[PDB]
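Q: What follows is data17.pdb, PDB, C-alpha atoms and all ligand atoms.
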```
ATOM      1  CA  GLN H 701      22.294  -3.162  12.459
ATOM      2  CA  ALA H 702      20.082  -2.562  15.485
ATOM      3  CA  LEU H 703      16.969  -2.462  13.299
ATOM      4  CA  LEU H 704      16.872  -5.836  11.533
ATOM      5  CA  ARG H 705      16.586  -8.643  14.076
ATOM      6  CA  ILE H 706      17.912 -12.029  12.926
ATOM      7  CA  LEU H 707      15.625 -14.754  14.262
ATOM      8  CA  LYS H 708      16.153 -18.427  14.994
ATOM      9  CA  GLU H 709      13.778 -21.085  13.696
ATOM     10  CA  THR H 710      12.996 -22.092  17.288
ATOM     11  CA  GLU H 711      11.656 -18.694  18.433
ATOM     12  CA  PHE H 712       8.691 -18.353  16.069
ATOM     13  CA  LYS H 713       5.956 -20.604  14.652
ATOM     14  CA  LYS H 714       3.594 -20.269  11.712
ATOM     15  CA  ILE H 715      -0.022 -20.600  12.861
ATOM     16  CA  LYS H 716      -2.485 -19.631  10.147
ATOM     17  CA  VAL H 717      -2.112 -18.821   6.434
ATOM     18  CA  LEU H 718      -3.376 -15.391   5.323
ATOM     19  CA  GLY H 719      -2.683 -15.217   1.592
ATOM     20  CA  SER H 720      -0.168 -15.488  -1.180
ATOM     21  CA  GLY H 721       1.142 -13.517  -4.120
ATOM     22  CA  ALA H 722       3.368 -14.622  -6.999
ATOM     23  CA  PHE H 723       6.292 -13.909  -4.604
ATOM     24  CA  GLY H 724       5.588 -15.673  -1.311
ATOM     25  CA  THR H 725       2.999 -16.798   1.225
ATOM     26  CA  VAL H 726       1.945 -14.645   4.190
ATOM     27  CA  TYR H 727       1.259 -16.392   7.505
ATOM     28  CA  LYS H 728      -0.062 -15.244  10.859
ATOM     29  CA  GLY H 729       2.580 -16.325  13.364
ATOM     30  CA  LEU H 730       3.710 -16.252  16.998
ATOM     31  CA  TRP H 731       7.011 -14.994  18.413
ATOM     32  CA  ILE H 732       8.097 -16.676  21.656
ATOM     33  CA  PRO H 733      10.942 -14.637  23.205
ATOM     34  CA  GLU H 734      13.549 -16.923  24.714
ATOM     35  CA  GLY H 735      13.040 -17.236  28.436
ATOM     36  CA  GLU H 736       9.466 -15.934  28.291
ATOM     37  CA  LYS H 737       6.062 -17.567  28.336
ATOM     38  CA  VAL H 738       4.286 -14.982  26.215
ATOM     39  CA  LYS H 739       3.474 -15.491  22.552
ATOM     40  CA  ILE H 740       3.401 -12.349  20.419
ATOM     41  CA  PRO H 741       1.506 -12.212  17.095
ATOM     42  CA  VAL H 742       3.623 -11.418  14.040
ATOM     43  CA  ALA H 743       3.170 -11.574  10.289
ATOM     44  CA  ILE H 744       5.468 -13.880   8.324
ATOM     45  CA  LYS H 745       6.104 -13.942   4.562
ATOM     46  CA  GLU H 746       7.850 -17.084   3.306
ATOM     47  CA  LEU H 747       9.377 -16.306  -0.101
ATOM     48  CA  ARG H 748       9.260 -18.831  -2.992
ATOM     49  CA  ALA H 755      22.953 -14.491  -2.486
ATOM     50  CA  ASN H 756      22.364 -14.479   1.263
ATOM     51  CA  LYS H 757      24.428 -11.294   1.627
ATOM     52  CA  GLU H 758      22.486  -9.576  -1.155
ATOM     53  CA  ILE H 759      19.288 -10.499   0.689
ATOM     54  CA  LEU H 760      20.481  -9.205   4.061
ATOM     55  CA  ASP H 761      21.713  -5.969   2.469
ATOM     56  CA  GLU H 762      18.396  -5.160   0.784
ATOM     57  CA  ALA H 763      16.808  -6.184   4.101
ATOM     58  CA  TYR H 764      18.749  -3.604   6.135
ATOM     59  CA  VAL H 765      17.627  -0.969   3.628
ATOM     60  CA  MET H 766      14.045  -2.072   4.272
ATOM     61  CA  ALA H 767      14.254  -1.904   8.075
ATOM     62  CA  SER H 768      15.374   1.704   7.786
ATOM     63  CA  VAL H 769      11.921   3.191   7.003
ATOM     64  CA  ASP H 770      10.675   5.515   9.760
ATOM     65  CA  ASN H 771       7.292   6.909   8.630
ATOM     66  CA  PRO H 772       3.854   6.385  10.224
ATOM     67  CA  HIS H 773       2.390   5.303   6.852
ATOM     68  CA  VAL H 774       5.183   2.952   5.704
ATOM     69  CA  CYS H 775       5.529  -0.545   7.139
ATOM     70  CA  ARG H 776       8.932  -1.503   8.516
ATOM     71  CA  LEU H 777      10.623  -4.847   8.058
ATOM     72  CA  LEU H 778      11.325  -6.013  11.594
ATOM     73  CA  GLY H 779      13.055  -9.386  11.391
ATOM     74  CA  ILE H 780      14.327 -12.114   9.086
ATOM     75  CA  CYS H 781      15.268 -15.827   9.197
ATOM     76  CA  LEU H 782      17.714 -16.894   6.459
ATOM     77  CA  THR H 783      17.892 -20.724   6.181
ATOM     78  CA  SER H 784      15.521 -23.277   4.623
ATOM     79  CA  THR H 785      13.500 -20.443   3.070
ATOM     80  CA  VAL H 786      13.546 -16.651   3.419
ATOM     81  CA  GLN H 787      10.887 -15.906   6.044
ATOM     82  CA  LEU H 788      10.289 -12.175   6.680
ATOM     83  CA  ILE H 789       8.724 -10.920   9.928
ATOM     84  CA  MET H 790       6.762  -7.685  10.341
ATOM     85  CA  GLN H 791       3.938  -6.425  12.544
ATOM     86  CA  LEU H 792       0.537  -8.064  12.135
ATOM     87  CA  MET H 793      -2.268  -5.832  10.762
ATOM     88  CA  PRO H 794      -5.522  -7.521  11.897
ATOM     89  CA  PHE H 795      -7.695  -5.638   9.349
ATOM     90  CA  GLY H 796      -5.718  -6.908   6.331
ATOM     91  CA  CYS H 797      -4.918  -5.189   3.042
ATOM     92  CA  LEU H 798      -6.770  -2.076   1.844
ATOM     93  CA  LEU H 799      -8.015  -3.791  -1.330
ATOM     94  CA  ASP H 800      -9.962  -6.460   0.560
ATOM     95  CA  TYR H 801     -11.219  -3.830   3.011
ATOM     96  CA  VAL H 802     -12.917  -1.701   0.322
ATOM     97  CA  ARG H 803     -14.436  -4.839  -1.234
ATOM     98  CA  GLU H 804     -16.038  -6.156   1.972
ATOM     99  CA  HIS H 805     -17.340  -2.650   2.876
ATOM    100  CA  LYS H 806     -18.419  -1.470  -0.602
ATOM    101  CA  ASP H 807     -21.284   0.768   0.595
ATOM    102  CA  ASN H 808     -20.343   1.939   4.069
ATOM    103  CA  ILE H 809     -17.135   3.774   3.181
ATOM    104  CA  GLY H 810     -17.686   7.509   3.068
ATOM    105  CA  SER H 811     -15.861  10.166   1.101
ATOM    106  CA  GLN H 812     -13.979  11.310   4.203
ATOM    107  CA  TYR H 813     -12.256   7.930   4.551
ATOM    108  CA  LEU H 814     -11.436   7.474   0.855
ATOM    109  CA  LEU H 815      -9.869  10.912   0.460
ATOM    110  CA  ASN H 816      -7.879  10.585   3.688
ATOM    111  CA  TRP H 817      -6.550   7.217   2.512
ATOM    112  CA  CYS H 818      -5.330   8.901  -0.678
ATOM    113  CA  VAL H 819      -3.549  11.549   1.425
ATOM    114  CA  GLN H 820      -1.751   8.954   3.559
ATOM    115  CA  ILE H 821      -0.613   6.714   0.695
ATOM    116  CA  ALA H 822       0.820   9.804  -0.996
ATOM    117  CA  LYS H 823       2.469  10.760   2.303
ATOM    118  CA  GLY H 824       4.082   7.328   2.525
ATOM    119  CA  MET H 825       5.098   7.406  -1.132
ATOM    120  CA  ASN H 826       6.582  10.881  -0.699
ATOM    121  CA  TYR H 827       8.681   9.485   2.157
ATOM    122  CA  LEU H 828       9.942   6.717  -0.137
ATOM    123  CA  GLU H 829      10.971   9.320  -2.715
ATOM    124  CA  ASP H 830      12.808  11.405  -0.095
ATOM    125  CA  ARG H 831      14.762   8.264   0.853
ATOM    126  CA  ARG H 832      15.411   7.718  -2.904
ATOM    127  CA  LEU H 833      13.617   4.359  -2.744
ATOM    128  CA  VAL H 834      11.408   3.208  -5.624
ATOM    129  CA  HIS H 835       8.488   1.070  -4.471
ATOM    130  CA  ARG H 836       7.958  -0.809  -7.803
ATOM    131  CA  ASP H 837       4.783  -2.633  -6.682
ATOM    132  CA  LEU H 838       2.297  -0.044  -5.429
ATOM    133  CA  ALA H 839      -1.277  -1.373  -5.504
ATOM    134  CA  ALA H 840      -4.305  -1.529  -3.228
ATOM    135  CA  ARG H 841      -3.286  -5.070  -2.237
ATOM    136  CA  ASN H 842       0.004  -3.586  -0.932
ATOM    137  CA  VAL H 843      -1.660  -1.022   1.334
ATOM    138  CA  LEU H 844      -2.341  -2.446   4.793
ATOM    139  CA  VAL H 845      -4.956  -1.200   7.251
ATOM    140  CA  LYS H 846      -3.645  -0.623  10.776
ATOM    141  CA  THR H 847      -6.856   1.093  11.882
ATOM    142  CA  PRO H 848      -9.671   2.340   9.631
ATOM    143  CA  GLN H 849      -8.167   5.829  10.162
ATOM    144  CA  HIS H 850      -4.561   4.767   9.439
ATOM    145  CA  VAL H 851      -3.266   2.795   6.446
ATOM    146  CA  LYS H 852       0.317   1.816   5.676
ATOM    147  CA  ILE H 853       2.170   0.817   2.497
ATOM    148  CA  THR H 854       3.822  -2.622   2.565
ATOM    149  CA  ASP H 855       5.846  -5.033   0.387
ATOM    150  CA  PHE H 856       8.532  -2.362  -0.165
ATOM    151  CA  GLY H 857      11.760  -4.128  -1.238
ATOM    152  CA  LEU H 858      10.419  -7.634  -1.970
ATOM    153  CA  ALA H 859      10.272  -6.370  -5.586
ATOM    154  CA  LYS H 860      14.010  -6.356  -6.257
ATOM    155  CA  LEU H 861      14.593  -8.973  -3.523
ATOM    156  CA  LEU H 862      12.889 -11.404  -5.926
ATOM    157  CA  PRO H 877       1.669  -6.330 -12.145
ATOM    158  CA  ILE H 878       1.374  -5.217 -15.775
ATOM    159  CA  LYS H 879      -1.912  -3.399 -15.205
ATOM    160  CA  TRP H 880      -0.341  -1.126 -12.542
ATOM    161  CA  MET H 881       3.003  -0.283 -14.179
ATOM    162  CA  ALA H 882       3.687   2.789 -16.269
ATOM    163  CA  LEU H 883       4.174   2.410 -20.014
ATOM    164  CA  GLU H 884       7.925   2.989 -19.721
ATOM    165  CA  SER H 885       8.160   0.292 -17.044
ATOM    166  CA  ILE H 886       6.278  -2.122 -19.301
ATOM    167  CA  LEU H 887       8.261  -1.269 -22.426
ATOM    168  CA  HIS H 888      11.772  -0.725 -21.057
ATOM    169  CA  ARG H 889      11.824  -1.864 -17.391
ATOM    170  CA  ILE H 890      12.412   1.735 -16.289
ATOM    171  CA  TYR H 891      11.251   2.242 -12.694
ATOM    172  CA  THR H 892      11.423   5.770 -11.272
ATOM    173  CA  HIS H 893       9.569   7.803  -8.655
ATOM    174  CA  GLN H 894       7.382   9.074 -11.518
ATOM    175  CA  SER H 895       6.455   5.555 -12.628
ATOM    176  CA  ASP H 896       5.373   5.088  -9.017
ATOM    177  CA  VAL H 897       3.091   8.084  -9.601
ATOM    178  CA  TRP H 898       1.437   6.079 -12.383
ATOM    179  CA  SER H 899       1.018   3.174  -9.956
ATOM    180  CA  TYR H 900      -0.486   5.592  -7.422
ATOM    181  CA  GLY H 901      -3.129   6.602  -9.969
ATOM    182  CA  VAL H 902      -4.217   3.006 -10.499
ATOM    183  CA  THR H 903      -4.279   2.483  -6.723
ATOM    184  CA  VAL H 904      -6.492   5.561  -6.360
ATOM    185  CA  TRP H 905      -8.701   4.279  -9.191
ATOM    186  CA  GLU H 906      -9.118   0.954  -7.383
ATOM    187  CA  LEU H 907     -10.295   2.661  -4.184
ATOM    188  CA  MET H 908     -12.808   4.876  -6.027
ATOM    189  CA  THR H 909     -14.249   1.764  -7.708
ATOM    190  CA  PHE H 910     -14.417  -0.093  -4.361
ATOM    191  CA  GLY H 911     -11.922  -2.700  -5.502
ATOM    192  CA  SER H 912     -12.705  -3.196  -9.180
ATOM    193  CA  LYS H 913     -10.157  -5.012 -11.319
ATOM    194  CA  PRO H 914      -8.401  -2.596 -13.711
ATOM    195  CA  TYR H 915      -8.881  -3.422 -17.405
ATOM    196  CA  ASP H 916     -11.131  -6.311 -16.413
ATOM    197  CA  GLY H 917     -11.387  -8.819 -19.243
ATOM    198  CA  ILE H 918      -8.332  -7.436 -21.076
ATOM    199  CA  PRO H 919      -5.317  -9.773 -21.353
ATOM    200  CA  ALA H 920      -2.167  -8.416 -19.715
ATOM    201  CA  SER H 921      -0.124  -8.991 -22.912
ATOM    202  CA  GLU H 922      -2.204  -6.294 -24.682
ATOM    203  CA  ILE H 923      -2.092  -3.466 -22.077
ATOM    204  CA  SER H 924       0.923  -1.688 -23.568
ATOM    205  CA  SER H 925      -0.915  -1.795 -26.904
ATOM    206  CA  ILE H 926      -4.036  -0.032 -25.612
ATOM    207  CA  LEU H 927      -1.923   2.402 -23.552
ATOM    208  CA  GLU H 928       0.005   3.652 -26.596
ATOM    209  CA  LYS H 929      -3.241   4.271 -28.528
ATOM    210  CA  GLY H 930      -4.598   6.647 -25.846
ATOM    211  CA  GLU H 931      -7.065   4.562 -23.813
ATOM    212  CA  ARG H 932      -7.043   4.992 -20.032
ATOM    213  CA  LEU H 933      -9.045   3.619 -17.131
ATOM    214  CA  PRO H 934     -12.565   5.078 -17.362
ATOM    215  CA  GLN H 935     -14.032   7.504 -14.864
ATOM    216  CA  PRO H 936     -15.346   5.817 -11.704
ATOM    217  CA  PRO H 937     -19.020   6.608 -11.052
ATOM    218  CA  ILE H 938     -18.299   8.297  -7.697
ATOM    219  CA  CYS H 939     -15.557  10.576  -9.040
ATOM    220  CA  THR H 940     -16.047  14.172 -10.002
ATOM    221  CA  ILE H 941     -14.027  15.484 -12.914
ATOM    222  CA  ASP H 942     -11.561  17.060 -10.471
ATOM    223  CA  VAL H 943     -10.588  13.665  -9.034
ATOM    224  CA  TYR H 944     -10.526  11.882 -12.397
ATOM    225  CA  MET H 945      -8.235  14.516 -13.948
ATOM    226  CA  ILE H 946      -5.673  13.886 -11.211
ATOM    227  CA  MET H 947      -5.788  10.178 -12.060
ATOM    228  CA  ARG H 948      -5.478  10.975 -15.780
ATOM    229  CA  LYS H 949      -2.412  13.185 -15.326
ATOM    230  CA  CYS H 950      -0.837  10.256 -13.471
ATOM    231  CA  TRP H 951      -1.132   8.305 -16.753
ATOM    232  CA  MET H 952       0.491  10.837 -19.074
ATOM    233  CA  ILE H 953       3.038   9.306 -21.442
ATOM    234  CA  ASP H 954       5.676  11.914 -20.540
ATOM    235  CA  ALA H 955       6.860  10.784 -17.105
ATOM    236  CA  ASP H 956       8.033  14.305 -16.169
ATOM    237  CA  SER H 957       4.522  15.676 -16.778
ATOM    238  CA  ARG H 958       2.993  13.462 -14.079
ATOM    239  CA  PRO H 959       2.329  15.037 -10.666
ATOM    240  CA  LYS H 960       4.876  14.904  -7.908
ATOM    241  CA  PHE H 961       3.860  13.165  -4.698
ATOM    242  CA  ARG H 962       4.267  16.411  -2.723
ATOM    243  CA  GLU H 963       1.787  18.034  -5.112
ATOM    244  CA  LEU H 964      -0.603  15.097  -4.675
ATOM    245  CA  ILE H 965      -0.457  15.432  -0.882
ATOM    246  CA  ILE H 966      -1.551  19.060  -1.199
ATOM    247  CA  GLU H 967      -4.316  18.349  -3.709
ATOM    248  CA  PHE H 968      -6.006  15.460  -1.876
ATOM    249  CA  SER H 969      -5.600  17.279   1.447
ATOM    250  CA  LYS H 970      -7.660  20.130  -0.029
ATOM    251  CA  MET H 971     -10.406  17.790  -1.255
ATOM    252  CA  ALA H 972     -10.427  15.997   2.119
ATOM    253  CA  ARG H 973     -11.515  19.323   3.663
ATOM    254  CA  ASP H 974     -14.688  19.250   1.519
ATOM    255  CA  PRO H 975     -15.223  15.585   0.653
ATOM    256  CA  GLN H 976     -18.788  15.922  -0.643
ATOM    257  CA  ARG H 977     -17.802  18.192  -3.567
ATOM    258  CA  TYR H 978     -15.280  15.801  -5.076
ATOM    259  CA  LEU H 979     -16.885  12.396  -4.408
ATOM    260  CA  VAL H 980     -20.555  11.570  -5.035
ATOM    261  CA  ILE H 981     -21.503   8.509  -2.972
ATOM    262  CA  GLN H 982     -25.003   7.504  -1.932
ATOM    263  CA  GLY H 983     -25.485   8.239   1.773
ATOM    264  CA  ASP H 984     -22.097   9.918   2.348
ATOM    265  CA  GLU H 985     -24.019  12.078   4.828
ATOM    266  CA  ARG H 986     -25.041   8.912   6.713
ATOM    267  CA  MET H 987     -21.651   7.042   6.704
ATOM    268  CA  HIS H 988     -19.403   6.856   9.786
ATOM    269  CA  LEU H 989     -16.828   9.670  10.326
ATOM    270  CA  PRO H 990     -13.626   9.387  12.401
ATOM    271  CA  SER H 991     -14.668  10.411  15.895
ATOM    272  CA  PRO H 992     -12.232  11.860  18.459
ATOM    273  CA  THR H 993     -13.449   9.453  21.144
ATOM    274  CA  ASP H 994     -13.262   6.660  18.566
ATOM    275  CA  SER H 995      -9.859   7.748  17.210
ATOM    276  CA  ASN H 996      -8.369   7.950  20.710
ATOM    277  CA  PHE H 997      -9.737   4.489  21.564
ATOM    278  CA  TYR H 998      -8.197   2.926  18.440
ATOM    279  CA  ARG H 999      -4.824   4.543  19.241
ATOM    280  CA  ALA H1000      -4.456   3.247  22.815
ATOM    281  CA  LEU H1001      -5.142  -0.349  21.738
ATOM    282  CA  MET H1002      -3.720  -0.778  18.234
ATOM    283  CA  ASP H1003      -1.826   2.273  17.033
ATOM    284  CA  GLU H1004       0.537   4.045  19.448
ATOM    285  CA  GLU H1005       3.074   5.355  16.926
ATOM    286  CA  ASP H1006       3.772   9.060  16.670
ATOM    287  CA  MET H1007       1.706  10.442  13.761
TER     288      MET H1007
HETATM  289  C1  LIG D1101      -5.393  -9.630   8.861
HETATM  290  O1  LIG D1101      -4.755 -10.276   7.772
HETATM  291  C2  LIG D1101      -3.501  -9.849   7.374
HETATM  292  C3  LIG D1101      -2.607  -9.201   8.219
HETATM  293  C4  LIG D1101      -1.290  -8.765   7.770
HETATM  294  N1  LIG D1101      -0.427  -8.110   8.667
HETATM  295  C5  LIG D1101       0.771  -7.725   8.221
HETATM  296  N2  LIG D1101       1.246  -7.913   6.931
HETATM  297  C6  LIG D1101       0.482  -8.570   6.039
HETATM  298  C7  LIG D1101      -0.888  -9.011   6.428
HETATM  299  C8  LIG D1101      -1.833  -9.685   5.590
HETATM  300  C9  LIG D1101      -3.094 -10.101   6.004
HETATM  301  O2  LIG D1101      -3.962 -10.753   5.152
HETATM  302  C10 LIG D1101      -4.804 -10.022   4.277
HETATM  303  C11 LIG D1101      -4.586 -10.461   2.799
HETATM  304  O3  LIG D1101      -3.256 -10.836   2.526
HETATM  305  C12 LIG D1101      -2.469  -9.788   2.009
HETATM  306  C13 LIG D1101      -1.757 -10.194   0.636
HETATM  307  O4  LIG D1101      -1.067  -9.068   0.107
HETATM  308  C14 LIG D1101      -0.535  -8.205   1.090
HETATM  309  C15 LIG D1101       0.884  -8.736   1.571
HETATM  310  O5  LIG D1101       1.775  -7.705   2.049
HETATM  311  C16 LIG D1101       2.755  -8.105   2.965
HETATM  312  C17 LIG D1101       4.084  -8.027   2.582
HETATM  313  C18 LIG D1101       5.090  -8.428   3.468
HETATM  314  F1  LIG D1101       6.386  -8.330   3.059
HETATM  315  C19 LIG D1101       4.799  -8.914   4.726
HETATM  316 CL1  LIG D1101       6.103  -9.406   5.798
HETATM  317  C20 LIG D1101       3.463  -9.002   5.135
HETATM  318  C21 LIG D1101       2.384  -8.644   4.272
HETATM  319  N3  LIG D1101       1.015  -8.687   4.723
END
```
Once more with this new file: its structure as structure tokens, please.
A:
Amino acid sequence: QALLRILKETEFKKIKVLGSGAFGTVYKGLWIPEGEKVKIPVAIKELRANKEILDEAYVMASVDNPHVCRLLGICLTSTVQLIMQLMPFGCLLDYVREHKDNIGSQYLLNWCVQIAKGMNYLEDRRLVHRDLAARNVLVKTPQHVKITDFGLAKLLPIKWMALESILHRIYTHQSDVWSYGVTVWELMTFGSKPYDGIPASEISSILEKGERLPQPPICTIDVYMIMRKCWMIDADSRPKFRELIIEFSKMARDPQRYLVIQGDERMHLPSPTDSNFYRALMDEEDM
């Protein structure tokens, strides 16, 4: 395909390590096009059957949405190194932790809109994410986040999975809606760990008995009810992503009534001069 570039070992180098998961290790790298002197920053994930890999990979490189990250290139040899575009701000989970007092309700609600927009695109393409979490939402600019780690799931998180995924390994677009709720909960708690102190082996036990994540202190009841319907036992009773896009888009038009944060009227707001400046330098895709 013309979308997944197959790279040689000799045309890219790992430079600095950025993080790891229980799947692979993410490096900041450099691509040196053959015959050129430039060095282009890329992100590289070295994972811990080659045809199966390439096939799932083509499926990945076929995502064309402003809020979904595209797999750009691959190098199948010693280890499976995956190449995508570098996001200098990092993952959305770390971003809300380092800035846990200077994030206003306009940003948080718009992030919820965009993640749902990206998830809705995955459902239209009939692709199940399987690993949605704040750690797997990247920040391109503060005004533009993107969902990442799409396919790595099958190519290779108890507290984010739905009960039916935990009990029966059933992953559907509605179990992704459960995962979306936990991702939204994480953002409204500024990066708190869900079920902190609870062993992962016991989560399905507490889920069956009716307990859910408690109400974050900044959430009104309108926002918390959306998160609670995402955790209904009946998977067909959970909201659809298209319904979530509409609901968070409404609340983003009056952020102060649905989120109570201290100084929200003193926090930075996306400026047109600022949004145009970010676009010309870091974010030229369509939107
Ligand atoms: C500025 O720092 C970063 C820039 C990045 N640019 C692009 N992609 C990244 C980046 C990760 C960074 O580090 C922050 C913390 O690490 C994040 C650990 O979990 C998120 C991993 O999600 C991925 C999945 C993948 F398949 C591929 Cl290929 C790449 C990434 N991650």
Q: Would you write out, as a PyMOL selection string, every residue that the PyMOL selection byres (((chain H and resi 765-767) around 6) and not hetatm) captures in this file?
A: chain H and resi 703-704+762-764+768-769+776-777
Q: Within 12 Å of range 985-989 of chain H, counting only C-alpha atoms, which residues qualify if same-chain residues fewer than 5 places away don't, as number ranges by chain?
A: H: 805-814, 816, 848-849, 975-976, 979-980, 994-995
Q: What residues of the protein or nucleic acid chains come within 10 Å of ligand LIG 1101 (chain D) when you use all atoms listed in the file? Reply as a ChimeraX atom specification.
A: /H:716-721,723-729,741-747,766,775-780,787-801,839-846,852-859
Q: Tell me which residues the PyMOL selection byres (((chain H and resi 733) around 12) and not hetatm) grabs here, as a PDB file with C-alpha atoms, in the frame of the given file.
A:
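out10.pdb was written with the following content:
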```
ATOM      1  CA  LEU H 707      15.625 -14.754  14.262  1.00  0.00           C
ATOM      2  CA  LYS H 708      16.153 -18.427  14.994  1.00  0.00           C
ATOM      3  CA  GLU H 709      13.778 -21.085  13.696  1.00  0.00           C
ATOM      4  CA  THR H 710      12.996 -22.092  17.288  1.00  0.00           C
ATOM      5  CA  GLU H 711      11.656 -18.694  18.433  1.00  0.00           C
ATOM      6  CA  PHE H 712       8.691 -18.353  16.069  1.00  0.00           C
ATOM      7  CA  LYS H 713       5.956 -20.604  14.652  1.00  0.00           C
ATOM      8  CA  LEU H 730       3.710 -16.252  16.998  1.00  0.00           C
ATOM      9  CA  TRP H 731       7.011 -14.994  18.413  1.00  0.00           C
ATOM     10  CA  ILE H 732       8.097 -16.676  21.656  1.00  0.00           C
ATOM     11  CA  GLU H 734      13.549 -16.923  24.714  1.00  0.00           C
ATOM     12  CA  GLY H 735      13.040 -17.236  28.436  1.00  0.00           C
ATOM     13  CA  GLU H 736       9.466 -15.934  28.291  1.00  0.00           C
ATOM     14  CA  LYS H 737       6.062 -17.567  28.336  1.00  0.00           C
ATOM     15  CA  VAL H 738       4.286 -14.982  26.215  1.00  0.00           C
ATOM     16  CA  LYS H 739       3.474 -15.491  22.552  1.00  0.00           C
ATOM     17  CA  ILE H 740       3.401 -12.349  20.419  1.00  0.00           C
ATOM     18  CA  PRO H 741       1.506 -12.212  17.095  1.00  0.00           C
TER      19      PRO H 741
END
```
Q: Quick one, how far is CA of residue 904 in chain H from CA of residue 968 in chain H?
A: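 Distance between the two atoms: 10.9 Å.
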Q: Choose the residue, out of H:877, H:802, H:997, H:896, that has the smallest atom-to-atom separation from residue 834 in chain H; count only C-alpha atoms.
A: H:896
Q: Grab the CA of residue 959 in chain H to CA of residue 894 in chain H distance for me, in Å with one decimal place.
A: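 Computed distance, CA of residue 959 in chain H to CA of residue 894 in chain H, equals 7.9 Å.
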Q: On this file, the PyMOL selection byres (((chain H and resi 952-957) around 9) and not hetatm) gives some set of residues; write that set as a VMD selection string.
A: chain H and resid 882 to 884 892 894 to 895 897 to 898 927 to 928 948 to 951 958 to 960
Q: So how far away is CA of residue 818 in chain H from CA of residue 918 in chain H, in Å?
A: 26.3 Å
Q: Assuming 3 Å of padding per side, give the centre and edge lengths of the axis-aligned box around every listed atom of range 850-860 of chain H, in Å to one decimal and as lines of an AutoDock Vina configuration file.
A:
```
center_x = 4.7
center_y = -1.4
center_z = 1.6
size_x = 24.6
size_y = 18.4
size_z = 21.7
```
Q: Point out the residue among H:847, H:921, H:756, H:935 with the least atom-to-atom distance to residue 901 in chain H, counting all atoms listed in the file.
A: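 Among H:847, H:921, H:756, H:935, it is H:935 that comes nearest to residue 901 in chain H.
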Q: Skip residue 829 in chain H itself and residues of its chain fewer than 5 positions away, then list as number ranges by chain all residues within 9 Å of it, counting only C-alpha atoms.
A: H: 824, 834-835, 893, 961
